[PDB]
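Raw contents of model_29.csv, CSV, C-alpha atoms and all ligand atoms:
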chain,number,residue,atom,x,y,z
A,1,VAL,CA,0.0,0.0,0.0
A,2,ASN,CA,1.2,3.5,-0.9
A,3,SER,CA,0.0,7.1,-0.6
A,4,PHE,CA,-1.0,7.7,-4.3
A,5,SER,CA,-4.7,8.7,-4.6
A,6,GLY,CA,-7.2,9.0,-7.3
A,7,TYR,CA,-5.3,7.1,-10.0
A,8,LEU,CA,-6.9,4.9,-12.7
A,9,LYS,CA,-5.2,1.5,-13.0
A,10,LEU,CA,-4.1,0.7,-16.5
A,11,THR,CA,-2.2,-2.5,-15.9
A,12,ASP,CA,-0.7,-4.6,-13.1
A,13,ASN,CA,2.0,-1.9,-12.5
A,14,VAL,CA,1.0,1.3,-14.4
A,15,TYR,CA,-1.4,4.0,-13.0
A,16,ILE,CA,-2.5,7.3,-14.4
A,17,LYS,CA,-4.1,10.6,-13.2
A,18,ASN,CA,-4.9,14.0,-14.5
A,19,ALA,CA,-2.6,16.0,-12.2
A,20,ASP,CA,0.1,18.6,-12.0
A,21,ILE,CA,3.2,16.6,-11.2
A,22,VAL,CA,4.5,19.5,-9.1
A,23,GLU,CA,1.4,19.6,-6.9
A,24,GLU,CA,1.3,15.8,-6.9
A,25,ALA,CA,5.0,15.6,-5.7
A,26,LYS,CA,4.4,18.2,-3.0
A,27,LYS,CA,1.5,16.3,-1.6
A,28,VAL,CA,2.9,12.7,-1.8
A,29,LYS,CA,6.6,13.4,-1.3
A,30,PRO,CA,7.4,10.2,-3.3
A,31,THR,CA,10.7,8.4,-3.0
A,32,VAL,CA,11.3,9.2,-6.7
A,33,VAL,CA,9.9,11.9,-8.9
A,34,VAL,CA,10.9,11.7,-12.6
A,35,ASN,CA,12.0,14.8,-14.4
A,36,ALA,CA,11.7,15.2,-18.2
A,37,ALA,CA,15.3,16.3,-18.5
A,38,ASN,CA,17.6,17.2,-21.4
A,39,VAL,CA,21.2,16.1,-21.7
A,40,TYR,CA,22.5,19.4,-20.2
A,41,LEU,CA,20.1,19.4,-17.3
A,42,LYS,CA,18.9,22.8,-18.3
A,43,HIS,CA,15.5,23.0,-16.7
A,44,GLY,CA,14.0,25.8,-18.7
A,45,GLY,CA,10.4,24.7,-19.5
A,46,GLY,CA,7.9,22.0,-19.7
A,47,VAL,CA,7.9,19.6,-16.7
A,48,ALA,CA,11.6,20.4,-16.0
A,49,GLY,CA,11.0,24.1,-15.8
A,50,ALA,CA,8.0,23.6,-13.5
A,51,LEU,CA,9.8,21.2,-11.2
A,52,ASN,CA,12.9,23.4,-11.0
A,53,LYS,CA,10.7,26.5,-10.3
A,54,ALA,CA,9.1,24.6,-7.4
A,55,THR,CA,12.6,24.0,-5.9
A,56,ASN,CA,13.4,27.8,-6.0
A,57,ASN,CA,16.1,27.0,-8.6
A,58,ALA,CA,17.9,24.6,-6.2
A,59,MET,CA,17.5,21.8,-8.8
A,60,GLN,CA,19.2,23.9,-11.4
A,61,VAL,CA,22.1,24.8,-9.0
A,62,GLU,CA,22.6,21.1,-8.2
A,63,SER,CA,22.3,20.1,-11.9
A,64,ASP,CA,24.9,22.7,-13.0
A,65,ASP,CA,27.4,21.2,-10.5
A,66,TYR,CA,26.6,17.7,-11.8
A,67,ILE,CA,27.2,18.6,-15.4
A,68,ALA,CA,30.4,20.5,-14.5
A,69,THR,CA,31.7,17.3,-13.0
A,70,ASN,CA,30.3,14.6,-15.2
A,71,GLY,CA,29.4,16.2,-18.6
A,72,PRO,CA,26.1,15.7,-20.4
A,73,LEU,CA,23.8,12.8,-20.1
A,74,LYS,CA,23.0,10.5,-23.1
A,75,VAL,CA,19.7,10.7,-24.8
A,76,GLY,CA,17.9,7.7,-23.3
A,77,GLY,CA,20.0,8.0,-20.1
A,78,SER,CA,19.4,9.3,-16.6
A,79,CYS,CA,20.9,10.3,-13.3
A,80,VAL,CA,19.7,10.3,-9.7
A,81,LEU,CA,19.9,13.7,-7.9
A,82,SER,CA,18.1,15.2,-4.9
A,83,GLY,CA,14.4,15.6,-4.9
A,84,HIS,CA,14.7,18.8,-2.9
A,85,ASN,CA,11.3,19.8,-1.4
A,86,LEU,CA,9.4,17.6,-3.9
A,87,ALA,CA,10.6,14.0,-3.3
A,88,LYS,CA,13.5,12.1,-1.7
A,89,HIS,CA,15.2,11.7,-5.1
A,90,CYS,CA,14.7,13.1,-8.6
A,91,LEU,CA,15.4,10.7,-11.5
A,92,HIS,CA,16.3,13.0,-14.4
A,93,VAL,CA,15.5,11.0,-17.5
A,94,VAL,CA,16.3,12.1,-21.1
A,95,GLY,CA,13.7,11.1,-23.6
A,96,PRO,CA,14.3,11.9,-27.3
A,97,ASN,CA,13.2,15.4,-28.3
A,98,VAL,CA,11.5,15.1,-31.7
A,99,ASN,CA,11.8,18.8,-32.1
A,100,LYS,CA,15.6,18.1,-32.2
A,101,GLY,CA,15.4,15.2,-34.6
A,102,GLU,CA,16.3,12.5,-32.1
A,103,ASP,CA,15.5,8.8,-32.6
A,104,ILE,CA,12.1,7.9,-31.2
A,105,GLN,CA,13.4,4.3,-30.6
A,106,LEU,CA,15.4,5.8,-27.8
A,107,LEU,CA,12.1,6.3,-25.9
A,108,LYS,CA,12.2,2.6,-24.8
A,109,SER,CA,15.8,3.0,-23.5
A,110,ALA,CA,14.6,6.1,-21.6
A,111,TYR,CA,11.8,4.2,-19.9
A,112,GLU,CA,14.2,1.3,-19.0
A,113,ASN,CA,15.7,3.7,-16.4
A,114,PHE,CA,12.4,3.5,-14.4
A,115,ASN,CA,13.0,-0.2,-13.7
A,116,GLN,CA,15.9,0.7,-11.3
A,117,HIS,CA,13.3,2.1,-8.9
A,118,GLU,CA,10.4,0.1,-7.2
A,119,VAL,CA,7.9,3.0,-7.3
A,120,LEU,CA,8.0,6.3,-9.2
A,121,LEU,CA,5.9,9.4,-9.9
A,122,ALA,CA,6.5,10.4,-13.5
A,123,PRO,CA,5.4,12.3,-16.6
A,124,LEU,CA,5.0,10.7,-20.0
A,125,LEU,CA,8.5,10.8,-21.5
A,126,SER,CA,9.0,12.8,-24.7
A,127,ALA,CA,5.5,14.2,-24.4
A,128,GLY,CA,4.7,17.9,-24.3
A,129,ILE,CA,7.5,20.2,-25.7
A,130,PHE,CA,9.6,17.1,-26.5
A,131,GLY,CA,7.2,16.6,-29.4
A,132,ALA,CA,6.4,12.9,-29.3
A,133,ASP,CA,2.9,11.4,-29.5
A,134,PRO,CA,1.8,10.9,-25.9
A,135,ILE,CA,-0.4,7.9,-26.9
A,136,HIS,CA,2.8,6.3,-28.1
A,137,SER,CA,4.7,7.3,-25.0
A,138,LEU,CA,2.1,5.6,-22.8
A,139,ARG,CA,2.3,2.4,-24.9
A,140,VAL,CA,6.1,2.3,-24.6
A,141,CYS,CA,5.8,3.0,-20.9
A,142,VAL,CA,3.3,0.1,-20.3
A,143,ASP,CA,5.4,-2.3,-22.5
A,144,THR,CA,8.8,-1.3,-20.9
A,145,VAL,CA,8.3,-0.4,-17.2
A,146,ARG,CA,7.9,-3.3,-14.9
A,147,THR,CA,8.1,-1.4,-11.6
A,148,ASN,CA,5.2,0.6,-10.2
A,149,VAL,CA,4.7,3.9,-12.1
A,150,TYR,CA,2.2,6.6,-11.3
A,151,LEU,CA,1.8,8.9,-14.3
A,152,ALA,CA,0.7,12.5,-13.9
A,153,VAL,CA,-0.8,14.1,-17.0
A,154,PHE,CA,-1.3,17.8,-16.7
A,155,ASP,CA,-3.7,18.4,-19.6
A,156,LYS,CA,-7.2,17.1,-18.8
A,157,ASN,CA,-8.1,16.8,-22.4
A,158,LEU,CA,-5.0,14.7,-23.1
A,159,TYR,CA,-5.7,12.6,-20.0
A,160,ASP,CA,-9.2,11.7,-21.2
A,161,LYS,CA,-7.8,10.8,-24.7
A,162,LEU,CA,-5.1,8.6,-23.2
A,163,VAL,CA,-7.6,6.7,-21.1
A,164,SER,CA,-10.3,6.3,-23.8
A,165,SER,CA,-7.8,5.1,-26.4
A,166,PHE,CA,-5.8,2.7,-24.2
A,167,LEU,CA,-5.6,-0.8,-25.4
B,201,LIG,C1,5.5,15.2,-20.4
B,201,LIG,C2,4.6,16.1,-21.2
B,201,LIG,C3,3.4,16.7,-20.4
B,201,LIG,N1,3.9,17.7,-19.4
B,201,LIG,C4,3.6,17.7,-18.0
B,201,LIG,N2,3.1,16.5,-17.5
B,201,LIG,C5,2.8,16.5,-16.2
B,201,LIG,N3,2.8,17.5,-15.3
B,201,LIG,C6,3.2,18.7,-15.9
B,201,LIG,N4,3.3,19.8,-15.1
B,201,LIG,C7,3.8,20.8,-16.0
B,201,LIG,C8,4.0,22.1,-15.5
B,201,LIG,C9,4.4,23.0,-16.4
B,201,LIG,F1,4.6,24.3,-16.0
B,201,LIG,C10,4.7,22.6,-17.7
B,201,LIG,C11,4.5,21.3,-18.2
B,201,LIG,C12,4.0,20.3,-17.3
B,201,LIG,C13,3.7,18.9,-17.2
B,201,LIG,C14,2.5,17.3,-21.4
B,201,LIG,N5,1.9,16.6,-22.3
B,201,LIG,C15,1.1,17.3,-23.2
B,201,LIG,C16,1.0,18.7,-22.9
B,201,LIG,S1,2.0,19.0,-21.6

Please lay out the structure from this file as structure tokens.
Amino acid sequence: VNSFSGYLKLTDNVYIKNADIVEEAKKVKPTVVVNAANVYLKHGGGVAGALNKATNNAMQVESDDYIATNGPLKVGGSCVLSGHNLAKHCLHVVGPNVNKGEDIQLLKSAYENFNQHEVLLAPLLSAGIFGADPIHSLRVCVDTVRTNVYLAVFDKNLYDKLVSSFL
């Protein structure tokens, strides 16, 4: 039993809700919140900009030190950093950005990072400003993640479309 509330169950391990991931993280304080990161950990907009703003820019400060030490992530890769006031940990995961021409096949590799964590609060990878089809992202999530994932979808209209079209 966990503290996530109001989710629709899609499969044995995947759950979904129309919610603002920032507000959801502040309420649940999950062990792991997933950020929709880029390779530079520049949290300017989308989910990343919102999560970073909620940390009063502490996420960005920590991220800049991480990059200065380690260099950029790979597309499809991840790193574990602090969750600040939102979660114990933040798993920064880089899905391919279609608006940069990146290979959508890397979306499966991106979701594989979730399997290293027993329970996660997450957005749909490569959705929103990353330009992929969210219906496809949900399909890849369900077919790749085996651990327990609670998906927050900000847009109510999109949430209803994801549920109604789910196979
Ligand atoms: C992963 C893509 C998804 N983004 C989000 N998902 C869950 N929670 C979110 N909170 C936010 C707060 C913000 F300021 C900006 C963006 C988001 C956001 C979207 N898919 C379609 C349209 S936006």

Exercise. Could you give me, as a VMD selection string, the residues within 6 Å of range 137-150 of chain A, counting all atoms listed in the file and dropping anything in the same chain fewer than 3 positions from it?
Key: chain A and resid 13 to 16 115 118 to 121 134

How about saving the chosen residues, C-alpha atoms kept, as a PDB file, keeping the file's coordinate frame?
ATOM      1  CA  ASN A  13       2.000  -1.900 -12.500  1.00  0.00           C
ATOM      2  CA  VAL A  14       1.000   1.300 -14.400  1.00  0.00           C
ATOM      3  CA  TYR A  15      -1.400   4.000 -13.000  1.00  0.00           C
ATOM      4  CA  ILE A  16      -2.500   7.300 -14.400  1.00  0.00           C
ATOM      5  CA  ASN A 115      13.000  -0.200 -13.700  1.00  0.00           C
ATOM      6  CA  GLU A 118      10.400   0.100  -7.200  1.00  0.00           C
ATOM      7  CA  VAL A 119       7.900   3.000  -7.300  1.00  0.00           C
ATOM      8  CA  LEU A 120       8.000   6.300  -9.200  1.00  0.00           C
ATOM      9  CA  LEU A 121       5.900   9.400  -9.900  1.00  0.00           C
ATOM     10  CA  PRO A 134       1.800  10.900 -25.900  1.00  0.00           C
TER      11      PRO A 134
END

Practice problem: Using CA of residue 38 in chain A and CA of residue 2 in chain A as the two end points, give the distance in Å to one decimal. | Solution: 29.6 Å

Exercise. Report as JSON, numbers by chain which protein, DNA and RNA residues come within 8 Å of ligand LIG 201 (chain B), using all atoms listed in the file.
Key: {"A": [19, 20, 21, 22, 36, 45, 46, 47, 48, 49, 50, 51, 122, 123, 124, 125, 126, 127, 128, 129, 130, 134, 151, 152, 153, 154, 155, 158]}

Practice problem: Pick out the residues sitting within 12 Å of residue 101 in chain A, and hand them over as a ChimeraX atom specification; count all atoms listed in the file, and ignore anything fewer than 5 positions along from it in its own chain. | Solution: /A:75,95-96,106,130-132

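Computed from the coordinates, the CA of residue 117 in chain A to CA of residue 58 in chain A distance equals 23.1 Å.
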
Exercise. Would you work out the distance separating CA of residue 18 in chain A from CA of residue 159 in chain A, expressed in Å to one decimal?
Key: 5.7 Å

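Proximity to residue 79 in chain A was assessed for A:104, A:94, A:61, A:163 counting all atoms listed in the file; the smallest distance is recorded for A:94.
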
Quiz prompt | Using all atoms listed in the file: which of A:60, A:97, A:164, A:85 has the shortest distance to residue 26 in chain A | solution = A:85

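With distances taken over all atoms listed in the file, A:35 is the one residue among A:116, A:57, A:35, A:70 lying closest to residue 93 in chain A.
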
Practice problem: Would you list the contacts of residue 31 in chain A as a ChimeraX atom specification, taking every protein, DNA or RNA residue within 6 Å and counting all atoms listed in the file, but skipping same-chain residues closer than 3 positions in sequence? | Solution: /A:87-89

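Minimum distance to residue 166 in chain A across A:12, A:29, A:17, A:135 (counting only C-alpha atoms) occurs at A:135.
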